[PDB]
Amino acid sequence: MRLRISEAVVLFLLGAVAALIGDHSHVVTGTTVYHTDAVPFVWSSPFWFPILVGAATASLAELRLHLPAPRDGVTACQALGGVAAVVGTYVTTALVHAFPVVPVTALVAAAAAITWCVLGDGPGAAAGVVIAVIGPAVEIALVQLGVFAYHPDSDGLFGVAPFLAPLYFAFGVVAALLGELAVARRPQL
Amino acid sequence: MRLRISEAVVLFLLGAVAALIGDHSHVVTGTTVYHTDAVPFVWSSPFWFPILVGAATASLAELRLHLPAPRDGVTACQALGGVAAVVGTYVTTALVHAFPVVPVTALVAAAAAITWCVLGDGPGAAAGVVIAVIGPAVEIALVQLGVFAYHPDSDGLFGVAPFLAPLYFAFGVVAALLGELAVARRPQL
Amino acid sequence: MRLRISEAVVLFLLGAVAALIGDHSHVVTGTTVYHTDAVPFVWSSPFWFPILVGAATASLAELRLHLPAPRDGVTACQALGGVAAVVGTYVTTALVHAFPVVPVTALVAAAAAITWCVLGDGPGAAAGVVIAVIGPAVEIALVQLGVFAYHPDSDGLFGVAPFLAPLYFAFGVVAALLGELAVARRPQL
Ligand SMILES: CCCCCCCCO[C@@H]1O[C@H](CO)[C@@H](O)[C@H](O)[C@H]1O
Ligand SMILES: CCCCCCCCO[C@@H]1O[C@H](CO)[C@@H](O)[C@H](O)[C@H]1O
Ligand SMILES: CCCCCCCCO[C@@H]1O[C@H](CO)[C@@H](O)[C@H](O)[C@H]1O
Ligand SMILES: CCCCCCCCO[C@@H]1O[C@H](CO)[C@@H](O)[C@H](O)[C@H]1O
Ligand SMILES: CCCCCCCCO[C@@H]1O[C@H](CO)[C@@H](O)[C@H](O)[C@H]1O
Ligand SMILES: CCCCCCCCO[C@@H]1O[C@H](CO)[C@@H](O)[C@H](O)[C@H]1O
Ligand SMILES: CCCCCCCCO[C@@H]1O[C@H](CO)[C@@H](O)[C@H](O)[C@H]1O
Ligand SMILES: CCCCCCCCO[C@@H]1O[C@H](CO)[C@@H](O)[C@H](O)[C@H]1O
Ligand SMILES: CCCCCCCCO[C@@H]1O[C@H](CO)[C@@H](O)[C@H](O)[C@H]1O
Ligand SMILES: CCCCCCCCCCCCC(=O)O
Ligand SMILES: CCCCCCCCCCCCC(=O)O
Ligand SMILES: CCCCCCCCCCCCC(=O)O
């Protein structure tokens, strides 16, 4: 693989911490509710949740490095700004989840579009699309299995929130950027 | 005129679609209520609403092309980012309309100022001012005619929301940018 | 001092006006409540409030000019954009203060991180840290003295809101930028 193990671990941990903050926000606001008492929880989340998101973060970063022309000009502040945009968008969905589906979903889509315009490229959008499909699909399956549920006013996408599509998209764009950064920041001559 | 017909039509449709999303958001949250049952509606809006906003979008873009030095360096992502900023701001007003007038209006003004700082120029601000006056004036007349009304906690500007001023301003800045883009993206040598 | 008196006065007034808008927003939404009837108020604030924040604005700008390499390339739109970001963040805290502490605090921290990534430098972050400590410390003392109080759902940081830390941080970053601008905009050859 193109990421070094240490880089993959840092990205995994980054994704895990951001996931725990966002998922705690969803749980405490009632955006989601878990129904899986048999597993160990970490904060408000089943232990496998930050592992799934952390693994997705490292995986999408790796994916970008297999797509054409990773950008060598990516900076730490672009990456910090991107992580902040995704986390801010994530927690915002917790704050506004009880509002009507159209303005809520449009707001998240606007945040995701702006994130991509500022920070992303073509391959980054591709990674964004991959997880914007896979992310919600995994959630839909987990919800049908009774593992957790969304609030009834935020479950319009086959049991899950429509805002997941642009939320995951923005996540993929930023994870891709993190992969580019991991390579770019290596020692140079 | 400086826009080609095809460009004017694309801008018209862009404005119309964004208007329908924002206006649906206002209606469904109770920010506004229509009182005009005799006309055909499109989604939540009287059919003439997206036509008015769509026409304003093409008109403000055209206006910019008659003002000094349209920028040749405008990009599709600046335009996408600007449309996203205006739509995100529009739907946000639907979410926060019931809150006190000062923080609500200040929030929209901040979003509009940031939009202009990132994307706008002097002539763009001029176009912004034109519609920040005309937009609210048209709405005030329509409200006095009983065509629609604002929620009583969002009607402080002669029957309409004070946030319309910075919302329309941001709209004008972005419409101007769309006009610059329409010309810039034409085939080059 | 490095600021000229006229520059320091403009920064003082800028900070004072922004403070009055943000503090009115906190009072009218019930984020905070004053308990000091014996002093003259200006709008919703004790007269000393805009003086404290105004003085802090000029002071942090001055501080930046004593730190390494003030940037000569700072622009008026960066400064306007930064002031808008801080004011927008400030009024947003008034709108969301009743929500759970983690998503509220994370949202403000994201806004502050993005503000710094876009506009700040190392010394700007240093100024940010200084006031992110001093600001909340002053408030904690004032609250223990019974001068004002936070809403019970926004008082987790020794009687004050945890969001003050990233809010003041963003304030310091932007005040520092204003100091750089004051020098940069002086007449050139
Ligand atoms: C992109 C998000 C941050 C990832 C950075 C942490 C990954 C660690 O990566 C390692 O860092 C070392 C010290 O700089 C370097 O010597 C190695 O070349 C590099 O692989
Ligand atoms: C990397 C993704 C997780 C790796 C370890 C898999 C742990 C799965 O654990 C499973 O979780 C379910 C929901 O909580 C429970 O219903 C199952 O009984 C439990 O076995
Ligand atoms: C919506 C997402 C916003 C992300 C904001 C980060 C944008 C970074 O912006 C740029 O980043 C580079 C790294 O410092 C620097 O060269 C520039 O000074 C900075 O303006
Ligand atoms: C600014 C918002 C997008 C407007 C773009 C659509 C307008 C269509 O405009 C036309 O597009 C053709 C195909 O590229 C070109 O050959 C023509 O020169 C151009 O006028
Ligand atoms: C381009 C702007 C609209 C062009 C067609 C004008 C249609 C106006 O239609 C009018 O709308 C009013 C409010 O709904 C009604 O009160 C009037 O009875 C109706 O005739
Ligand atoms: C508040 C409004 C935010 C609009 C964000 C769009 C800013 C665009 O930002 C810049 O746009 C250009 C077009 O891709 C590119 O050259 C740059 O890579 C990109 O950072
Ligand atoms: C950084 C926020 C804005 C501060 C600008 C106002 C400070 C006034 O500053 C003065 O302005 C004069 C007129 O331009 C100049 O001739 C002086 O050199 C300058 O010191
Ligand atoms: C620059 C900072 C303020 C300068 C003037 C100091 C005015 C302080 O005034 C004090 O304010 C307190 C709270 O309102 C009251 O409890 C005190 O009785 C009052 O004297
Ligand atoms: C979160 C804080 C966002 C602040 C947005 C302001 C960023 C300014 O952005 C840049 O500012 C310079 C001054 O005009 C110009 O050279 C550029 O055209 C403009 O894009
Ligand atoms: C860039 C770092 C982001 C890490 C967090 C990514 C979150 C992706 C969205 C997860 C949504 C999970 C859910 O709503 O149940
Ligand atoms: C850049 C594209 C934006 C199209 C939408 C522009 C909206 C302008 C504001 C319309 C407000 C109408 C109302 O609140 O009744
Ligand atoms: C850049 C100009 C910003 C001026 C306003 C700065 C506000 C700093 C935060 C003050 C918070 C006061 C309070 O919540 O009581």
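Order of the sequence lines fixes the chain letters, A, B, ..., with proteins taken first and strands second; residue numbering starts at 1 for each chain.
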Taking every heavy atom of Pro166(A) against every heavy atom of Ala109(A), the minimum-distance pair comes out as CB-CA, 3.6 Å
Using 30° and 60° as the class limits, which term best fits the ring planes of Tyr34(B) and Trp48(B): parallel, tilted or perpendicular? perpendicular
Working to the nearest 0.5 angstrom, can you tell me the gap between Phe49(B) CZ and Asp23(B) CG? 4.0 Å
So, taking the atom named CZ in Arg71(C) and the one named CG in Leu181(C), what distance separates them when rounded to the nearest 0.5 Å? 10.5 Å
Heavy-atom closest pair, residues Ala165(B) and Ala132(B): O-CB, 3.5 Å
Is the shortest side-chain heavy-atom distance between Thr57(C) and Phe171(C) below 4.5 Å? yes
Find the distance between OH (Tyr168(B)) and CD1 (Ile131(B)) and round it off to the nearest 0.5 Å. 6.5 Å
Sub-3.5 Å donor-acceptor pair from the side chain of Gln144(B) to the main-chain atoms of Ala141(B), do we have one? no
Set out, in order, the CA-CA distance, both residues' side-chain angles and the distance that settles side chain to side chain donor-acceptor pair (under 3.5 Å) for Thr31(B) and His26(B), then state yes or no. CA-CA 5 Å; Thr31(B) 302; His26(B) 277 174; 4.6 Å; no
Atom CZ in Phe99(A), atom CG in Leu107(A): separation rounded to 0.5 Å? 11.0 Å
Applying side chain to side chain donor-acceptor pair (under 3.5 Å), run through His24(C) and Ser45(C) and close with a yes or a no. CA-CA 7 Å; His24(C) 167 75; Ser45(C) 306; over 6 Å; no
side-chain contact (heavy atoms from CB on, under 4.5 Å) between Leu80(A) and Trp116(C): does it pass, once the steps are laid out? CA-CA 10 Å; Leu80(A) 172 57; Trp116(C) 180 74; 4.1 Å; yes
Is the shortest side-chain N to carboxylate O distance from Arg2(B) to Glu62(B) below 4.0 Å? no
